[PDB]
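Pasting entry03.cif here (mmCIF, C-alpha atoms and all ligand atoms):
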data_coords
#
loop_
_atom_site.label_atom_id
_atom_site.label_comp_id
_atom_site.auth_asym_id
_atom_site.auth_seq_id
_atom_site.Cartn_x
_atom_site.Cartn_y
_atom_site.Cartn_z
CA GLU X 335 14.88 37.93 33.49
CA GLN X 336 15.45 35.44 30.66
CA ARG X 337 18.16 36.87 28.42
CA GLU X 338 18.06 34.59 25.33
CA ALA X 339 15.45 33.26 22.92
CA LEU X 340 16.10 30.11 20.88
CA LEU X 341 13.91 29.77 17.78
CA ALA X 342 13.25 27.11 15.14
CA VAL X 343 11.92 28.90 12.03
CA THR X 344 10.72 27.53 8.69
CA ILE X 345 11.43 29.68 5.62
CA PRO X 346 10.96 28.80 1.96
CA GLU X 347 13.86 26.97 0.35
CA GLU X 348 14.43 29.44 -2.51
CA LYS X 349 16.96 32.09 -3.53
CA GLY X 350 16.60 35.36 -1.61
CA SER X 351 14.62 33.73 1.19
CA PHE X 352 17.21 34.16 3.91
CA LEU X 353 17.66 37.84 3.08
CA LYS X 354 13.88 38.44 3.32
CA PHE X 355 13.75 36.61 6.66
CA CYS X 356 16.71 38.60 8.04
CA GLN X 357 15.05 41.85 6.89
CA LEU X 358 11.99 41.01 9.01
CA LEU X 359 14.29 40.39 12.01
CA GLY X 360 16.11 43.71 11.40
CA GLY X 361 15.31 45.43 14.70
CA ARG X 362 16.33 42.45 16.89
CA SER X 363 19.65 41.44 18.47
CA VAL X 364 20.26 38.11 16.73
CA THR X 365 23.39 36.42 18.07
CA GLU X 366 23.26 33.11 16.14
CA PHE X 367 21.91 31.77 12.85
CA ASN X 368 22.47 28.20 11.67
CA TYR X 369 21.20 26.48 8.51
CA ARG X 370 22.13 23.69 6.12
CA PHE X 371 20.28 22.59 2.97
CA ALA X 372 17.94 19.70 3.85
CA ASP X 373 14.35 19.64 2.57
CA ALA X 374 13.90 20.81 -1.04
CA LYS X 375 10.89 23.03 -0.28
CA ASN X 376 11.20 24.32 3.29
CA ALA X 377 14.40 25.35 5.03
CA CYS X 378 14.92 25.16 8.79
CA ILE X 379 16.73 28.02 10.56
CA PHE X 380 18.09 27.94 14.10
CA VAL X 381 18.07 31.47 15.61
CA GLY X 382 19.53 32.67 18.92
CA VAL X 383 18.42 36.13 20.06
CA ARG X 384 19.78 38.30 22.87
CA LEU X 385 16.88 39.81 24.85
CA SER X 386 16.81 42.98 26.89
CA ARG X 387 13.09 42.86 27.78
CA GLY X 388 12.78 39.19 28.62
CA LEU X 389 9.56 37.36 27.91
CA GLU X 390 7.86 40.50 26.60
CA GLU X 391 10.44 40.71 23.81
CA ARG X 392 10.39 36.95 23.20
CA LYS X 393 6.63 37.13 22.66
CA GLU X 394 6.98 40.20 20.40
CA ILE X 395 9.42 38.34 18.16
CA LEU X 396 7.26 35.20 18.00
CA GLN X 397 4.21 37.30 17.11
CA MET X 398 6.15 39.30 14.51
CA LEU X 399 7.32 36.13 12.77
CA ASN X 400 3.85 34.61 12.68
CA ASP X 401 2.33 37.93 11.49
CA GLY X 402 4.98 38.04 8.77
CA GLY X 403 4.03 34.60 7.44
CA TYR X 404 6.72 32.43 9.03
CA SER X 405 6.22 29.32 11.13
CA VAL X 406 8.21 29.25 14.36
CA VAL X 407 8.67 26.78 17.19
CA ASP X 408 9.84 28.43 20.42
CA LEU X 409 12.80 26.46 21.87
CA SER X 410 13.70 29.09 24.49
CA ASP X 411 12.58 26.85 27.39
CA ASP X 412 13.54 23.54 25.73
CA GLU X 413 16.20 21.80 27.85
CA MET X 414 17.41 19.67 24.96
CA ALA X 415 17.86 22.79 22.82
CA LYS X 416 19.78 24.51 25.65
CA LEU X 417 21.99 21.55 26.58
CA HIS X 418 22.48 19.70 23.31
CA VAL X 419 20.73 20.61 20.07
CA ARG X 420 22.09 24.19 19.87
CA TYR X 421 25.52 22.57 19.31
CA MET X 422 24.29 20.02 16.72
CA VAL X 423 22.27 21.91 14.11
CA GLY X 424 23.42 21.94 10.51
CA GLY X 425 25.66 19.02 9.65
CA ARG X 426 25.88 17.61 6.10
CA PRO X 427 23.49 18.57 3.28
CA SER X 428 20.71 16.15 2.34
CA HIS X 429 22.52 15.23 -0.89
CA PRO X 430 25.92 16.15 -2.36
CA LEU X 431 26.19 19.77 -3.55
CA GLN X 432 28.58 21.72 -5.72
CA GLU X 433 29.28 24.65 -3.42
CA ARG X 434 31.97 27.18 -2.56
CA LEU X 435 32.50 28.04 1.12
CA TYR X 436 33.55 31.47 2.42
CA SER X 437 34.20 33.00 5.81
CA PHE X 438 33.65 36.69 6.59
CA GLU X 439 33.96 39.03 9.58
CA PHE X 440 32.86 42.57 10.35
CA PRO X 441 32.77 44.93 13.33
CA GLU X 442 29.38 44.83 15.01
CA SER X 443 27.10 47.86 14.83
CA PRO X 444 23.32 48.15 14.52
CA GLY X 445 22.34 46.49 11.24
CA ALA X 446 25.87 45.29 10.44
CA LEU X 447 24.85 41.72 9.48
CA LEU X 448 21.98 42.94 7.33
CA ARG X 449 24.21 45.45 5.50
CA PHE X 450 26.60 42.55 4.86
CA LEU X 451 23.85 40.25 3.57
CA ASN X 452 22.61 42.88 1.14
CA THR X 453 26.07 42.94 -0.48
CA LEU X 454 26.06 39.21 -1.35
CA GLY X 455 23.43 39.22 -4.05
CA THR X 456 20.40 36.95 -4.21
CA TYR X 457 21.66 35.54 -7.51
CA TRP X 458 23.46 32.86 -5.45
CA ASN X 459 21.64 30.12 -3.55
CA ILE X 460 22.91 29.73 0.03
CA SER X 461 23.37 26.07 1.03
CA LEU X 462 25.06 26.58 4.45
CA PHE X 463 24.90 29.56 6.75
CA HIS X 464 26.32 30.13 10.23
CA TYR X 465 26.54 33.43 12.07
CA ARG X 466 27.74 34.02 15.61
CA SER X 467 28.16 37.29 17.45
CA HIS X 468 28.12 37.03 21.26
CA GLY X 469 29.34 40.36 22.65
CA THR X 470 32.50 40.01 20.54
CA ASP X 471 33.46 43.25 18.81
CA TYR X 472 33.18 41.27 15.49
CA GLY X 473 30.43 39.24 13.91
CA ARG X 474 31.50 36.03 12.18
CA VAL X 475 29.85 34.41 9.14
CA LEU X 476 30.51 31.10 7.35
CA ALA X 477 28.39 30.56 4.23
CA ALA X 478 28.33 28.18 1.25
CA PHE X 479 27.05 29.28 -2.17
CA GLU X 480 25.80 26.72 -4.67
CA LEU X 481 27.43 26.63 -8.11
CA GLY X 482 25.29 27.13 -11.21
CA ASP X 483 26.60 27.69 -14.73
CA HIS X 484 29.60 29.37 -13.09
CA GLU X 485 31.16 29.60 -9.71
CA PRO X 486 31.04 32.52 -7.26
CA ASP X 487 34.16 34.65 -6.93
CA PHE X 488 33.61 36.92 -3.93
CA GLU X 489 37.02 37.57 -2.40
CA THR X 490 38.18 40.73 -4.15
CA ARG X 491 34.82 42.55 -4.03
CA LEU X 492 34.03 41.57 -0.44
CA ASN X 493 37.55 42.35 0.77
CA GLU X 494 37.22 45.80 -0.83
CA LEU X 495 34.08 46.37 1.27
CA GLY X 496 35.89 45.41 4.50
CA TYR X 497 34.46 41.95 5.13
CA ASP X 498 37.67 39.89 5.49
CA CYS X 499 36.55 37.20 3.04
CA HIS X 500 38.43 33.89 2.78
CA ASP X 501 37.72 30.81 0.66
CA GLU X 502 37.15 27.96 3.16
CA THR X 503 36.15 25.28 0.65
CA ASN X 504 39.20 23.20 1.58
CA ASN X 505 39.04 23.94 5.30
CA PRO X 506 39.74 20.66 7.16
CA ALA X 507 36.94 21.05 9.71
CA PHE X 508 34.37 21.71 6.98
CA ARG X 509 35.70 18.87 4.81
CA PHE X 510 35.70 16.34 7.65
CA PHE X 511 32.29 17.09 9.20
CA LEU X 512 29.98 19.19 7.00
CA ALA X 513 30.68 18.31 3.37
CA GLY X 514 28.25 16.21 1.39
CA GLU U 335 49.13 27.95 27.43
CA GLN U 336 46.50 26.52 25.07
CA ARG U 337 43.75 25.02 27.21
CA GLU U 338 41.63 23.06 24.69
CA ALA U 339 42.19 20.50 21.94
CA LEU U 340 39.63 20.02 19.17
CA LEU U 341 39.87 16.66 17.37
CA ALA U 342 38.28 15.03 14.33
CA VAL U 343 38.55 11.24 14.79
CA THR U 344 37.53 8.37 12.51
CA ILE U 345 36.28 5.20 14.24
CA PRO U 346 34.68 2.14 12.67
CA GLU U 347 30.94 2.36 12.15
CA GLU U 348 30.01 -0.78 14.11
CA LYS U 349 28.40 -1.69 17.43
CA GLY U 350 30.70 -1.26 20.43
CA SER U 351 33.05 1.06 18.54
CA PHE U 352 32.32 4.19 20.53
CA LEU U 353 32.85 2.37 23.82
CA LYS U 354 36.26 1.07 22.65
CA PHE U 355 37.27 4.56 21.52
CA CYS U 356 36.18 6.12 24.84
CA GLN U 357 38.13 3.43 26.73
CA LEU U 358 41.31 4.51 24.92
CA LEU U 359 40.59 8.14 25.91
CA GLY U 360 39.98 7.11 29.55
CA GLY U 361 42.75 9.13 31.21
CA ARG U 362 41.88 12.41 29.43
CA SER U 363 39.54 15.28 30.32
CA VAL U 364 37.09 15.11 27.41
CA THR U 365 34.56 17.94 27.59
CA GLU U 366 32.63 17.33 24.33
CA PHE U 367 31.77 14.45 22.02
CA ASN U 368 29.52 14.83 18.97
CA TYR U 369 28.52 12.21 16.38
CA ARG U 370 25.69 11.39 13.99
CA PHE U 371 25.37 8.37 11.68
CA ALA U 372 26.69 9.31 8.22
CA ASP U 373 29.01 6.97 6.32
CA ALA U 374 28.13 3.26 6.56
CA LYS U 375 31.71 2.13 7.24
CA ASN U 376 33.54 4.91 9.07
CA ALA U 377 32.09 7.19 11.72
CA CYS U 378 33.32 10.73 12.39
CA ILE U 379 33.65 11.92 16.00
CA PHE U 380 34.13 15.52 17.12
CA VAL U 381 36.07 15.63 20.43
CA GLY U 382 36.80 18.62 22.67
CA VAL U 383 39.44 18.05 25.37
CA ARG U 384 40.37 20.24 28.33
CA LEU U 385 44.18 20.45 28.63
CA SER U 386 46.27 21.13 31.68
CA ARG U 387 49.68 20.66 30.02
CA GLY U 388 49.04 22.53 26.80
CA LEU U 389 50.72 21.42 23.61
CA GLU U 390 52.60 18.62 25.37
CA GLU U 391 49.28 17.01 26.29
CA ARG U 392 47.73 17.73 22.89
CA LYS U 393 50.63 15.90 21.23
CA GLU U 394 50.37 13.00 23.72
CA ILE U 395 46.69 12.52 22.86
CA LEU U 396 47.29 12.70 19.10
CA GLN U 397 50.11 10.15 19.39
CA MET U 398 48.02 7.88 21.62
CA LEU U 399 45.16 7.83 19.11
CA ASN U 400 47.44 7.06 16.17
CA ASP U 401 49.28 4.37 18.19
CA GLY U 402 45.91 2.88 19.07
CA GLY U 403 44.88 2.56 15.42
CA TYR U 404 42.65 5.62 15.01
CA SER U 405 42.95 8.34 12.39
CA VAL U 406 42.79 11.87 13.76
CA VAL U 407 42.85 15.35 12.26
CA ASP U 408 43.96 18.02 14.75
CA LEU U 409 41.52 20.98 14.62
CA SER U 410 42.90 22.69 17.74
CA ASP U 411 44.36 25.60 15.73
CA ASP U 412 41.67 25.60 13.01
CA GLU U 413 39.87 28.97 13.05
CA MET U 414 36.81 27.59 11.29
CA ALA U 415 36.54 24.82 13.88
CA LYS U 416 36.86 27.36 16.72
CA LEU U 417 34.47 29.95 15.29
CA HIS U 418 31.91 27.89 13.39
CA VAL U 419 32.18 24.15 12.86
CA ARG U 420 32.21 23.22 16.58
CA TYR U 421 28.59 24.47 16.65
CA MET U 422 27.52 22.66 13.45
CA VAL U 423 28.63 19.03 13.76
CA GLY U 424 26.04 16.27 13.75
CA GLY U 425 22.80 17.29 12.09
CA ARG U 426 20.50 14.75 10.40
CA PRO U 427 21.50 11.13 9.69
CA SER U 428 22.50 10.16 6.15
CA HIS U 429 19.22 8.28 5.67
CA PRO U 430 16.08 7.86 7.81
CA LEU U 431 16.56 5.69 10.90
CA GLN U 432 14.29 3.95 13.36
CA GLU U 433 15.79 5.20 16.61
CA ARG U 434 14.86 6.03 20.19
CA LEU U 435 16.42 9.14 21.76
CA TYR U 436 17.35 9.47 25.45
CA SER U 437 18.90 12.14 27.63
CA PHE U 438 20.99 11.37 30.72
CA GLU U 439 22.92 13.29 33.38
CA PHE U 440 25.41 12.39 36.09
CA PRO U 441 27.67 14.15 38.59
CA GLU U 442 31.18 14.48 37.21
CA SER U 443 34.01 12.50 38.78
CA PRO U 444 37.05 10.82 37.24
CA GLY U 445 35.77 8.18 34.82
CA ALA U 446 32.10 9.11 35.27
CA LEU U 447 31.26 9.14 31.53
CA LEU U 448 33.04 5.84 30.94
CA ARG U 449 31.25 4.16 33.86
CA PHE U 450 27.99 5.42 32.33
CA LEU U 451 28.85 4.13 28.85
CA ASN U 452 29.66 0.67 30.20
CA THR U 453 26.11 0.44 31.58
CA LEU U 454 24.42 0.94 28.18
CA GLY U 455 25.34 -2.33 26.55
CA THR U 456 26.95 -2.75 23.15
CA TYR U 457 23.92 -4.72 21.97
CA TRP U 458 22.46 -1.38 20.79
CA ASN U 459 23.88 0.58 17.86
CA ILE U 460 24.35 4.29 18.67
CA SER U 461 23.16 6.56 15.84
CA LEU U 462 23.53 9.96 17.60
CA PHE U 463 25.75 10.91 20.49
CA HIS U 464 26.38 14.24 22.19
CA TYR U 465 28.20 14.81 25.47
CA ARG U 466 29.04 18.11 27.09
CA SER U 467 30.68 18.76 30.44
CA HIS U 468 32.37 22.16 30.80
CA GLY U 469 33.17 22.66 34.49
CA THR U 470 29.49 22.04 35.30
CA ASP U 471 29.04 19.76 38.30
CA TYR U 472 27.05 17.42 35.92
CA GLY U 473 27.88 15.78 32.63
CA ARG U 474 25.08 15.74 30.04
CA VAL U 475 24.48 13.06 27.38
CA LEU U 476 21.97 12.85 24.52
CA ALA U 477 22.08 9.57 22.57
CA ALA U 478 19.94 7.76 19.99
CA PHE U 479 19.80 3.95 19.83
CA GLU U 480 18.78 2.20 16.62
CA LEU U 481 15.84 -0.21 16.74
CA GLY U 482 16.33 -3.83 15.71
CA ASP U 483 13.84 -6.64 16.25
CA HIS U 484 12.72 -4.74 19.35
CA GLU U 485 13.08 -1.33 20.80
CA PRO U 486 15.32 -0.22 23.69
CA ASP U 487 13.65 0.43 27.03
CA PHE U 488 16.27 2.08 29.24
CA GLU U 489 14.42 4.38 31.62
CA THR U 490 13.76 2.18 34.63
CA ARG U 491 17.18 0.50 34.70
CA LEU U 492 19.15 3.70 34.05
CA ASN U 493 17.09 5.71 36.54
CA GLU U 494 17.82 3.03 39.15
CA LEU U 495 21.55 3.58 38.54
CA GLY U 496 21.22 7.35 39.04
CA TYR U 497 21.48 8.58 35.46
CA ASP U 498 18.30 10.71 35.19
CA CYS U 499 17.17 9.10 31.94
CA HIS U 500 14.36 10.65 29.86
CA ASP U 501 12.90 9.60 26.51
CA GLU U 502 13.53 12.56 24.16
CA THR U 503 12.27 10.93 20.96
CA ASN U 504 9.47 13.51 20.69
CA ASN U 505 11.58 16.45 21.85
CA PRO U 506 10.71 19.44 19.60
CA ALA U 507 14.31 20.56 19.06
CA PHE U 508 15.39 17.06 18.02
CA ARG U 509 12.32 16.59 15.81
CA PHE U 510 12.75 19.93 14.05
CA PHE U 511 16.51 19.85 13.37
CA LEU U 512 18.11 16.41 13.80
CA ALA U 513 15.56 13.79 12.78
CA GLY U 514 15.92 11.93 9.51
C1 LIG F 601 19.12 30.07 4.45
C2 LIG F 601 19.24 30.01 2.94
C3 LIG F 601 17.85 30.02 2.26
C4 LIG F 601 17.02 28.82 2.70
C5 LIG F 601 18.02 30.05 0.74
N1 LIG F 601 18.76 28.85 0.25
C6 LIG F 601 18.68 31.35 0.32
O1 LIG F 601 19.63 31.34 -0.50
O2 LIG F 601 18.22 32.47 0.70
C1 LIG F 602 29.59 6.72 17.92
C2 LIG F 602 28.78 5.46 17.68
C3 LIG F 602 29.61 4.38 16.95
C4 LIG F 602 30.08 4.89 15.58
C5 LIG F 602 28.78 3.10 16.81
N1 LIG F 602 27.54 3.34 16.03
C6 LIG F 602 28.50 2.52 18.18
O1 LIG F 602 27.34 2.13 18.48
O2 LIG F 602 29.44 2.31 19.01
#
I'd like the structure from this file rewritten - as structure tokens, please.
Ligand SMILES: CC[C@H](C)[C@H](N)C(=O)O
Ligand SMILES: CC[C@H](C)[C@H](N)C(=O)O
Amino acid sequence: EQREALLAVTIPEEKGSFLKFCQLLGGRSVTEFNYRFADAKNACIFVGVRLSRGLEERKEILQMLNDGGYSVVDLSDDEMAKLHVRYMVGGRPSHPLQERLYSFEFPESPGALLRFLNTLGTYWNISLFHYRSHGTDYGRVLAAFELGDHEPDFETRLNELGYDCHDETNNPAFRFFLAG
Amino acid sequence: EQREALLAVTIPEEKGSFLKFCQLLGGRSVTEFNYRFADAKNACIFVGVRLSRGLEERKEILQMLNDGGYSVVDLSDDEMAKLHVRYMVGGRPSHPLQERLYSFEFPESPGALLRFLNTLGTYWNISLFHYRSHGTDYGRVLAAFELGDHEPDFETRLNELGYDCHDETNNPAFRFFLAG
């Protein structure tokens, strides 16, 4: 019956961590991810999952995450998550960051988001990540990459690969609400 | 044609400010508000508005806010606001707060949210506010109130008035994602 799981997952706050977490979720129909840098050691990920086998599948995913070494809080029956908090996760980082923001899109197919994430390169730390794909023929990603000794320059390479990459660092909605 | 405005408004970060701002918006069909304490002097409000007269009404609201002394950035045509940022506003406060969180609900009628806000009392500073009402027979509010010399105690009074008030301070979704 229930068609959506809402999950609060802790993953380590380190480069490559999100990719490893998404690899464990590979067989599942994730429809939302949301993250912003907050705690220096442990990152918090909001996950929305489309279910086809209801509570059986919800329990499988919870068990898989625990067996894989991730902590998860199940928010699937949490009225505040359903009515409010699923629209409020993320916000501003815990301190000001030097970061470059990009948007991307791709047609949905099995594994499409994971193939996209593998192209980014774990050299870059991710300081903001939002994905949404609800039945829409295209998945949508907004992600910020933290500057190190140099800045990321993704547009040409990612456009070549079909991912419709745009620099959003000066986007007014980002600047007004999410910047540090 | 266009049926929704998305607005980024600056209001002063002081007690009673949100009520004054909502009073100016009184004749409009607001469907979303989202705010979290961030800057000490100027608060940022995300507003979603249902339109029945399209761009004419969008322009009326923008002009009304400027004429009333509020700064507004129009995000109604901003693709990042539409696809991403409208799900990411709010987050954690800029520093840790002593605050009590409550949820409320009421049947929608003209002016219902404003009648509700007048009952709260501008004695309390609001440090988190989320409202959503999209065609649903009931409007939904989640709000945090900052502690001073004593703590707020709203349940009995607000339940008497019909507002279905619950203390959400220990809600798992709030604790995991939005707490300071
Ligand atoms: C979600 C991002 C995670 C926490 C990490 N910053 C990464 O780059 O993989
Ligand atoms: C949105 C809340 C505003 C900024 C103020 N803190 C108030 O209590 O009215």
request  = Return as a PyMOL selection string every polymer residue, whether protein, DNA or RNA, with at least one atom no more than 6 Å from an atom of ligand LIG 601 (chain F); count only C-alpha atoms and all ligand atoms.
outcome  = chain X and resi 347-353+369+377+459-461
Dump as a PDB file, keeping the file's coordinate frame, selection limited to C-alpha atoms:
ATOM      1  CA  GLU X 347      13.860  26.970   0.350  1.00  0.00           C
ATOM      2  CA  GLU X 348      14.430  29.440  -2.510  1.00  0.00           C
ATOM      3  CA  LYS X 349      16.960  32.090  -3.530  1.00  0.00           C
ATOM      4  CA  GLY X 350      16.600  35.360  -1.610  1.00  0.00           C
ATOM      5  CA  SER X 351      14.620  33.730   1.190  1.00  0.00           C
ATOM      6  CA  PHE X 352      17.210  34.160   3.910  1.00  0.00           C
ATOM      7  CA  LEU X 353      17.660  37.840   3.080  1.00  0.00           C
ATOM      8  CA  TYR X 369      21.200  26.480   8.510  1.00  0.00           C
ATOM      9  CA  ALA X 377      14.400  25.350   5.030  1.00  0.00           C
ATOM     10  CA  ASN X 459      21.640  30.120  -3.550  1.00  0.00           C
ATOM     11  CA  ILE X 460      22.910  29.730   0.030  1.00  0.00           C
ATOM     12  CA  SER X 461      23.370  26.070   1.030  1.00  0.00           C
TER      13      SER X 461
END
Please produce chain X as a compact mmCIF listing (two decimals) with C-alpha atoms, in the coordinates of the input once it has been superposed on chain U, the fit using all Cα atoms paired in sequence order.
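Everything below was put into part-v8.txt:
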# COMPACT_ATOMS: atom_id res chain seq x y z
CA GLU X 335 49.13 27.95 27.43
CA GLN X 336 46.50 26.52 25.07
CA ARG X 337 43.75 25.02 27.21
CA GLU X 338 41.62 23.06 24.69
CA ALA X 339 42.19 20.50 21.94
CA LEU X 340 39.63 20.02 19.17
CA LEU X 341 39.88 16.66 17.37
CA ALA X 342 38.28 15.03 14.33
CA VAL X 343 38.56 11.24 14.79
CA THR X 344 37.53 8.37 12.51
CA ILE X 345 36.28 5.21 14.23
CA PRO X 346 34.68 2.14 12.67
CA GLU X 347 30.94 2.36 12.15
CA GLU X 348 30.01 -0.78 14.11
CA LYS X 349 28.39 -1.69 17.43
CA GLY X 350 30.70 -1.25 20.43
CA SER X 351 33.05 1.06 18.54
CA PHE X 352 32.33 4.19 20.53
CA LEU X 353 32.85 2.37 23.82
CA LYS X 354 36.26 1.06 22.65
CA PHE X 355 37.27 4.56 21.52
CA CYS X 356 36.17 6.11 24.84
CA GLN X 357 38.13 3.43 26.73
CA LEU X 358 41.31 4.51 24.93
CA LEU X 359 40.60 8.14 25.92
CA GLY X 360 39.98 7.10 29.56
CA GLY X 361 42.75 9.13 31.22
CA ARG X 362 41.88 12.41 29.43
CA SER X 363 39.55 15.28 30.32
CA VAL X 364 37.09 15.11 27.41
CA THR X 365 34.56 17.94 27.59
CA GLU X 366 32.63 17.33 24.33
CA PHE X 367 31.76 14.45 22.02
CA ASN X 368 29.52 14.82 18.97
CA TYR X 369 28.51 12.21 16.38
CA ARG X 370 25.69 11.39 13.99
CA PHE X 371 25.37 8.37 11.68
CA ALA X 372 26.69 9.31 8.22
CA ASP X 373 29.01 6.97 6.32
CA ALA X 374 28.13 3.26 6.56
CA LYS X 375 31.71 2.13 7.24
CA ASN X 376 33.54 4.91 9.07
CA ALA X 377 32.08 7.19 11.72
CA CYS X 378 33.32 10.72 12.39
CA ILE X 379 33.65 11.93 16.00
CA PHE X 380 34.13 15.52 17.11
CA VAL X 381 36.07 15.63 20.43
CA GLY X 382 36.81 18.62 22.67
CA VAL X 383 39.44 18.05 25.36
CA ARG X 384 40.37 20.24 28.33
CA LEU X 385 44.18 20.45 28.63
CA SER X 386 46.27 21.13 31.69
CA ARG X 387 49.68 20.66 30.02
CA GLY X 388 49.05 22.54 26.80
CA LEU X 389 50.72 21.42 23.61
CA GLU X 390 52.60 18.62 25.37
CA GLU X 391 49.28 17.01 26.29
CA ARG X 392 47.73 17.73 22.89
CA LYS X 393 50.62 15.90 21.23
CA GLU X 394 50.36 13.00 23.72
CA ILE X 395 46.69 12.52 22.86
CA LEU X 396 47.30 12.70 19.10
CA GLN X 397 50.11 10.15 19.39
CA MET X 398 48.02 7.87 21.62
CA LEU X 399 45.17 7.83 19.11
CA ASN X 400 47.44 7.07 16.17
CA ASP X 401 49.28 4.37 18.19
CA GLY X 402 45.91 2.88 19.07
CA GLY X 403 44.88 2.56 15.42
CA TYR X 404 42.66 5.62 15.01
CA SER X 405 42.95 8.34 12.39
CA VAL X 406 42.78 11.87 13.76
CA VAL X 407 42.85 15.35 12.26
CA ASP X 408 43.95 18.01 14.75
CA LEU X 409 41.51 20.98 14.62
CA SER X 410 42.89 22.69 17.74
CA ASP X 411 44.37 25.59 15.73
CA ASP X 412 41.67 25.60 13.01
CA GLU X 413 39.87 28.97 13.05
CA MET X 414 36.81 27.59 11.29
CA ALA X 415 36.54 24.81 13.88
CA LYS X 416 36.87 27.37 16.72
CA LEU X 417 34.46 29.95 15.29
CA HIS X 418 31.92 27.90 13.38
CA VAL X 419 32.17 24.15 12.86
CA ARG X 420 32.21 23.23 16.58
CA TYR X 421 28.59 24.48 16.66
CA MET X 422 27.52 22.65 13.45
CA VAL X 423 28.63 19.03 13.76
CA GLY X 424 26.04 16.27 13.75
CA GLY X 425 22.80 17.29 12.09
CA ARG X 426 20.50 14.74 10.40
CA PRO X 427 21.50 11.12 9.69
CA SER X 428 22.50 10.16 6.15
CA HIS X 429 19.21 8.28 5.67
CA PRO X 430 16.08 7.86 7.80
CA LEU X 431 16.57 5.68 10.90
CA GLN X 432 14.29 3.95 13.36
CA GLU X 433 15.79 5.21 16.61
CA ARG X 434 14.86 6.03 20.19
CA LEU X 435 16.42 9.14 21.77
CA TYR X 436 17.35 9.47 25.45
CA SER X 437 18.90 12.14 27.62
CA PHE X 438 20.99 11.37 30.72
CA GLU X 439 22.92 13.30 33.38
CA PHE X 440 25.40 12.38 36.09
CA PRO X 441 27.67 14.15 38.58
CA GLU X 442 31.17 14.48 37.20
CA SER X 443 34.01 12.50 38.78
CA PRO X 444 37.06 10.82 37.24
CA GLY X 445 35.77 8.18 34.82
CA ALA X 446 32.10 9.11 35.27
CA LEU X 447 31.26 9.13 31.53
CA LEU X 448 33.04 5.84 30.94
CA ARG X 449 31.25 4.16 33.87
CA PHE X 450 27.99 5.42 32.33
CA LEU X 451 28.85 4.12 28.85
CA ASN X 452 29.66 0.67 30.20
CA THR X 453 26.11 0.44 31.58
CA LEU X 454 24.42 0.94 28.18
CA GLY X 455 25.34 -2.33 26.55
CA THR X 456 26.95 -2.75 23.15
CA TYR X 457 23.92 -4.72 21.98
CA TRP X 458 22.46 -1.38 20.79
CA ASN X 459 23.88 0.58 17.86
CA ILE X 460 24.35 4.28 18.67
CA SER X 461 23.16 6.56 15.84
CA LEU X 462 23.53 9.96 17.60
CA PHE X 463 25.75 10.90 20.49
CA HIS X 464 26.38 14.24 22.19
CA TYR X 465 28.19 14.81 25.47
CA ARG X 466 29.04 18.11 27.10
CA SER X 467 30.68 18.76 30.44
CA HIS X 468 32.37 22.16 30.80
CA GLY X 469 33.17 22.66 34.49
CA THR X 470 29.49 22.03 35.30
CA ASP X 471 29.04 19.75 38.30
CA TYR X 472 27.05 17.43 35.92
CA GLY X 473 27.87 15.78 32.63
CA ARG X 474 25.09 15.74 30.04
CA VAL X 475 24.48 13.06 27.39
CA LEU X 476 21.97 12.85 24.51
CA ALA X 477 22.08 9.57 22.57
CA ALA X 478 19.94 7.76 19.99
CA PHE X 479 19.79 3.95 19.83
CA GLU X 480 18.78 2.20 16.62
CA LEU X 481 15.84 -0.21 16.75
CA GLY X 482 16.33 -3.83 15.71
CA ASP X 483 13.84 -6.64 16.24
CA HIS X 484 12.72 -4.74 19.35
CA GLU X 485 13.08 -1.32 20.80
CA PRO X 486 15.32 -0.22 23.69
CA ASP X 487 13.66 0.43 27.03
CA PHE X 488 16.27 2.08 29.24
CA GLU X 489 14.41 4.38 31.62
CA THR X 490 13.75 2.18 34.63
CA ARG X 491 17.19 0.50 34.70
CA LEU X 492 19.14 3.70 34.05
CA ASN X 493 17.09 5.71 36.54
CA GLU X 494 17.82 3.02 39.15
CA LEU X 495 21.55 3.58 38.54
CA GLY X 496 21.22 7.35 39.04
CA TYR X 497 21.48 8.59 35.46
CA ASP X 498 18.31 10.71 35.19
CA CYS X 499 17.17 9.10 31.94
CA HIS X 500 14.36 10.65 29.87
CA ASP X 501 12.90 9.60 26.51
CA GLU X 502 13.53 12.56 24.16
CA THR X 503 12.26 10.93 20.96
CA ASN X 504 9.47 13.51 20.69
CA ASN X 505 11.57 16.45 21.85
CA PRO X 506 10.72 19.44 19.60
CA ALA X 507 14.31 20.56 19.06
CA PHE X 508 15.39 17.06 18.02
CA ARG X 509 12.32 16.59 15.81
CA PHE X 510 12.75 19.94 14.04
CA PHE X 511 16.51 19.85 13.38
CA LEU X 512 18.11 16.41 13.80
CA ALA X 513 15.57 13.78 12.78
CA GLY X 514 15.92 11.93 9.52
note = Shortest contact to ligand LIG 602 (chain F), candidates U:466, U:384, U:429, U:370, atoms counted all atoms listed in the file, goes to U:370
inquiry  = Please identify all protein, DNA and RNA residues within 12 Å of ligand LIG 602 (chain F), counting only C-alpha atoms and all ligand atoms, and report them as an MDAnalysis selection string.
reply    = chainID U and resid 343:357 367:381 424 427 433 451:452 454:465 476:481
Report as a tab-separated table the residues of chain U within 6 Å of chain X, each with its shortest atom pair and distance in Å (one decimal), using only C-alpha atoms, ordered by chain and increasing residue number.
residue	atom	partner	partner_atom	distance
U:415	CA	X:507	CA	5.6
U:421	CA	X:421	CA	4.5
U:422	CA	X:424	CA	5.1
U:423	CA	X:425	CA	5.1
U:424	CA	X:425	CA	5.0
U:425	CA	X:425	CA	4.1
U:507	CA	X:415	CA	5.6
